[PDB]
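Comments concern the structure below.
2 protein chains.
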Amino acid sequence: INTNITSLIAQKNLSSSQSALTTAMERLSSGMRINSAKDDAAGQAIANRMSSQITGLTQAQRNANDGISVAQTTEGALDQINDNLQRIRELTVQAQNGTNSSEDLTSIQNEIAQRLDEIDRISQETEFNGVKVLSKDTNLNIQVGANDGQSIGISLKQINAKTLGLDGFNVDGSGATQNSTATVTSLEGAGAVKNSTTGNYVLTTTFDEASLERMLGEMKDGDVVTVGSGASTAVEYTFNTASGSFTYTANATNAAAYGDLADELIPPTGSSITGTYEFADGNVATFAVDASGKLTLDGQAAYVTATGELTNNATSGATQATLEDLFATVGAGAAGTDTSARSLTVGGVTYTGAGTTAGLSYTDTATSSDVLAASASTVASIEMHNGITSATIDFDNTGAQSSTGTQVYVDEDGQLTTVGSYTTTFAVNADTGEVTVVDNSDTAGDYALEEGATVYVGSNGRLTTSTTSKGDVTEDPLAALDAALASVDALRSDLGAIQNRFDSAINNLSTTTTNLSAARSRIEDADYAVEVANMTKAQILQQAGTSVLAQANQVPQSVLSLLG
Amino acid sequence: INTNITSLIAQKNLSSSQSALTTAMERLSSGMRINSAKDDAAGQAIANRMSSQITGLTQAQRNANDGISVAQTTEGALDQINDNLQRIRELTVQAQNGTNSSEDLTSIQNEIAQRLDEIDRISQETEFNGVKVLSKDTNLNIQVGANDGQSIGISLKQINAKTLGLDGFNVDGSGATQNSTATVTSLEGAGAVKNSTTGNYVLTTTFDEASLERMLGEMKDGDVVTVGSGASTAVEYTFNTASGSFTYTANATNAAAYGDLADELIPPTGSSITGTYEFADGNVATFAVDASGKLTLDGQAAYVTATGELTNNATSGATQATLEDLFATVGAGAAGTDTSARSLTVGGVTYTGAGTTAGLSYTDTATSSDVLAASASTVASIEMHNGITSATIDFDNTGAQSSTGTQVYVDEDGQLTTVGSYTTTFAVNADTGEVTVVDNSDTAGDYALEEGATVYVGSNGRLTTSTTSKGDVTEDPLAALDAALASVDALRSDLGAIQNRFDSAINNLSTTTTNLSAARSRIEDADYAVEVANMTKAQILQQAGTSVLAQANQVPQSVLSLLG
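Sequence order for the protein chains is P and R. With our numbering applied, the first sequence corresponds to residues 8 to 571, in that order. With our numbering applied, the second sequence corresponds to residues 8 to 571, in that order.
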């Protein structure tokens, strides 16, 4: 007729076979089941995540290999350092023999110094990828995972002749002396005067009292220094040695004083710095100040009430609350004469703001120089607790040591002491010239020389009863070398543990990569059998459909031969 | 298809086998099980500490050998010192014989001094590695351990001819007697008054004035002692050393003196004395005097004439002349009015008249005590002929020297010296105590000790600038030699004990080194059988993995043929 419905079904069934055949061909050529999101959207997403993880795990295997390389290089350098240290130890054992002369000791010291220089050279020159692995106490992070944060830390340490405790190590240095027995010439050089009654030279030693700066340097944790005497001008400049800063409760009183510190803390351009204003209304009314002034609560311009409470909206006839508003209100309290136990602990500093009648108060932090400057025209007092004893010292506005209280002094050895002065009387033997101590006013002090002993001249030029001195490595040299060897061995042990951990990590990464590859294969990879079977079926249907369509184009020919 | 999970597993197993193969290869080539801290961290550290100990112990063996060498050298020197001491002892035993003369004692002392010098030379020259082992009392420290403080002390002593107590050892006089340095106490004891201005000490040595009797005891031949004031009353006594007596001009101015002179010359019973009488005209008559003092002229009675002539012709009533008449005739002349001089020789003494004065002058002898008694009440003087001063020494009537005249003084040694007193100032070194000489008195004095020299207190207690003093033979020399031998034997015994201790220490060091080497071998050395087994297993696994990997890469290709 004019319509060929059968040809239309033939065409539709044919066009289905083209689609099936094309899908089979694409899957066969590409080797992938999921060639598009059409095939499997969820499968494609899971497969892409698996692909990203697999690529990251392979790159993490490479990174772990790099970490292995770093550890191997560092341990190789440390092995040479250990060999040099062991040779130095053998030379030191040789040097302790008494048969060696000074020339022998110097010849041994030549090689010892050469090996120490070699240790330093290995430290400064060993490098992996431009990283001095033996120069810094740092932590190298090796990414052994496909996601952020998965890493292994190699704890690198600085190993030179100085950090090992071998700086200035020697065996040829001078060992002990004889102290050059003192005579009357040493006595008159030291300042001793002779009493004509007995002829025994008396030496009076007077020490210098510690300055306020000296004691401020000698302050310990928690030590309290009061600065001021008049009215309430005394300031409790308690020293927080945890930070090296002297905290103190500062107090302001005037309107401009409330105007300043409110402006000092502020967000520069577009930040939202936040200070904890804590009033006894029932909670800490913390604000959200933005830019210059413009104090706000919950993102809306704030308003102070009669009682000082913070709210984000007040009556129409009221300007917005600024930082100065709340902060001077803290200065002036609340409800007029009410105490208003209040505070403005703004991100740190606790602006308590007094809270009796008016005024400010806040635990500000000054420095040692600040307290020294403050205590320059007023009296100061130091309380040295921490040790049960109090040892309270005082200083006038002039700055001299107070007669009252404990008078601390500094000796000629640079050590603080309470022995301000002491007299020692020596007698000079007219026959041999020997000088022997006789009397000591400091009867129980640490500076007393035992009576009757010969006095010698120390290497530092001071009179003493000791007869020897120092100058070489008198500290046990083999013990120091053993300590250095122990440090090197500890670092080597840490590196070996890290190497084992990296080996385990590489094994785990390999296994996980293989397993995830199998999992992704089960989703994305095509099958030879299934796709070739689909191809063959689609081809057979294609041929059948073409034959059927060719036949169907012939029936209306007969029909219209009957209707024509 | 696209994934080859079987090939991935094959690759992982292949890599593991290759890593095991590499470890086995490295252990085989190195010969050590612990080639890194990866293998055994604690084992590596323990092996390193054991290596340090073993190296220290080998070096300690070397040091102990050095100590053995030092002890052997010192004992070898002491053997020669002992041989010299024994030869000296044998010579001393020889010297004690009473038949030895002074020459033989000097001959023995020559060899004794040579052997003492040899002992000193051995002491000063014996040296090990620049260490004089026989010169100081010290303690040599030999390091016999791998750590600090492990050491053995060789107690070395100073052995010379002085420390053995043989300084100034003699069998003849000789003698050394080391002097003692003078000090301030010596200056005070001597009598030196300290100069409080200059700090020096000034002593004044004074000599007593010469006494008359002491100087008559020092009288020489031909010298004169004049006693009396005035030329007409002085008596001159000329000394004779051969007779030891003083001869003088004795005068007889009275008849009593003539009678006493006759009485002195009176011979005993049966004795006669011959003499001669010279007349004024020169005639000489020979006479003999009998026991009664009565004169016999040629065996006949002698008579004195009116002119004093002696003849045997008898005058009527003339009395026979006695001995006394001759002196009267010679002195007072004949009849008291004859001024003719006469001479009479008798008793070996010649008596002559003054010619114008009645008296006899003759030569008479006297003793020193006679001169002293004569001068005990009248001024005296002594003329020195050969001596320090050939001048007159005057004495008052009281026997004291005249101030206005030459003064002679007797020194501290009983000898004559014109230096009455002398002076010397000493400086005192305030530091050392050494007493040096800065100045003396008049430089003419030979007693002036040397300038700028150390003064010494001699064995006599004197102050002299001379080291040593003349000593005597050694007392109990064999005991001193035995004591020196005992000291040498004691030091040799100490050295032998230290040698035995060093031998034991060396044995212990070798044993401990062997044991620690065995322990370190157990910890560190590689068992070669195990490592070869691991190598073979890894190689077989590598081949199997390569075959399996080839098959795994082969398996997917069936898809191509089965695709069609």
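C-beta: ideal position from N, C-alpha, C; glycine also.
Residue j beta carbon less than 9 Å from that of residue i
i, j, result
"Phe253 of chain R", "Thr372 of chain R", "yes"
"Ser524 of chain P", "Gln68 of chain P", "no"
"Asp403 of chain R", "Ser409 of chain R", "yes"
"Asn393 of chain P", "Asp228 of chain P", "yes"
"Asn91 of chain P", "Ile53 of chain P", "no"
"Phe176 of chain R", "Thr475 of chain R", "no"
"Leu548 of chain P", "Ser23 of chain P", "yes"
"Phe509 of chain R", "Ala78 of chain R", "yes"
"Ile159 of chain P", "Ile389 of chain P", "no"
"residue 1 of chain R", "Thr472 of chain R", "This structure cannot settle anything about residue 1 of chain R, because the visible part of chain R is limited to 8 through 571."
"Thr520 of chain R", "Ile61 of chain R", "yes"
"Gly360 of chain P", "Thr283 of chain P", "no"
"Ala199 of chain P", "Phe433 of chain P", "yes"
"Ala309 of chain R", "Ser279 of chain R", "no"
"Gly340 of chain P", "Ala365 of chain P", "yes"
6 Å CB neighbourhood of residue i in its chain, flanking five on each side removed
i, result
"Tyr416 of chain P", "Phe214, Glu216, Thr424 and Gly427"
"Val242 of chain P", "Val234, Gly235 and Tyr255"
"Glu225 of chain P", "none"
"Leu21 of chain P", "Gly552"
"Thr13 of chain R", "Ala559"
"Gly338 of chain R", "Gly360, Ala365, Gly366 and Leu367"
Short CB-CB distance (under 9 Å) between residue i and chain P
i, result
"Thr474 of chain R", "no"
"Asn70 of chain R", "yes"
"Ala197 of chain R", "no"
"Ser76 of chain R", "yes"
"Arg527 of chain R", "no"
"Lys19 of chain R", "yes"
"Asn207 of chain R", "no"
"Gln25 of chain R", "no"
Any C-beta of chain R under 9 Å from that of residue i
i, result
"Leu141 of chain P", "no"
"residue 626 of chain P", "This structure leaves residue 626 of chain P out entirely; chain P is present only between 8 and 571."
"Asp46 of chain P", "no"
"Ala545 of chain P", "no"
"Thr192 of chain P", "yes"
"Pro484 of chain P", "yes"
"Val539 of chain P", "yes"
"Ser517 of chain P", "yes"
Residue i, enclosing alpha helix (DSSP H) - first and last residue
i, result
"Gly196 of chain P", "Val191 to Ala197"
"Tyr265 of chain P", "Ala262 to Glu271"
"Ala540 of chain P", "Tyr535 to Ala559"
"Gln121 of chain P", "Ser109 to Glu132"
"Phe402 of chain R", "No alpha helix (DSSP H) holds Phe402 of chain R; the beta strand (DSSP E) holding it covers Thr399 to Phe402."
"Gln408 of chain R", "Element bounds for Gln408 of chain R: n/a, residue is neither H nor E."
Opening and closing residue of the beta strand (DSSP E) in which residue i lies
i, result
"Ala434 of chain R", "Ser428 to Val435"
"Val242 of chain R", "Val242 to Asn247"
"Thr99 of chain P", "Not the beta strand (DSSP E): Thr99 of chain P falls in the alpha helix (DSSP H), residues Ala48 to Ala102."
"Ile166 of chain P", "Where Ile166 of chain P is concerned, there is no enclosing beta strand (DSSP E), given that its DSSP letter is neither H nor E."
"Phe334 of chain P", "Element bounds for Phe334 of chain P: not the beta strand (DSSP E) but the alpha helix (DSSP H), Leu330 to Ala339."
"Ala373 of chain P", "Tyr369 to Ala373"
"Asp228 of chain P", "First-last for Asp228 of chain P: undefined, no H or E at that position."
7 Å CB neighbourhood of residue i in its chain, flanking five on each side removed
i, result
"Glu316 of chain R", "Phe286"
"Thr212 of chain R", "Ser428 and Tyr429"
"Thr363 of chain P", "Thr346"
Cβ-heavy atom distance, residue i to the ligand ZN, below 8 Å
i, result
"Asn91 of chain R", "The ligand ZN is absent from the structure shown, which contains no ligands of any kind."
Contacts around residue i, its chain only, beta-carbon distance under 8 Å, and the 5 residues preceding and following it disregarded
i, result
"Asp230 of chain R", "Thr245, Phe246, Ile389, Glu390, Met391 and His392"
Is there contact here, the segment 43-58 of chain R with the segment 139-148 of chain R, by at least three beta-carbon pairs under 8 Å?
no
Could you check whether the segment 295-305 of chain R touches the segment 362-381 of chain R, counting it as contact only if at least three pairs of C-beta atoms, one from each stretch, sit closer than 8 Å?
no
Taking three-plus beta-carbon pairs below 8 Å as touching, is the segment 460-467 of chain R in contact with the segment 181-194 of chain R?
yes
Are the segment 105-114 of chain P and the segment 495-502 of chain P touching, with three or more C-beta to C-beta distances below 8 Å?
no
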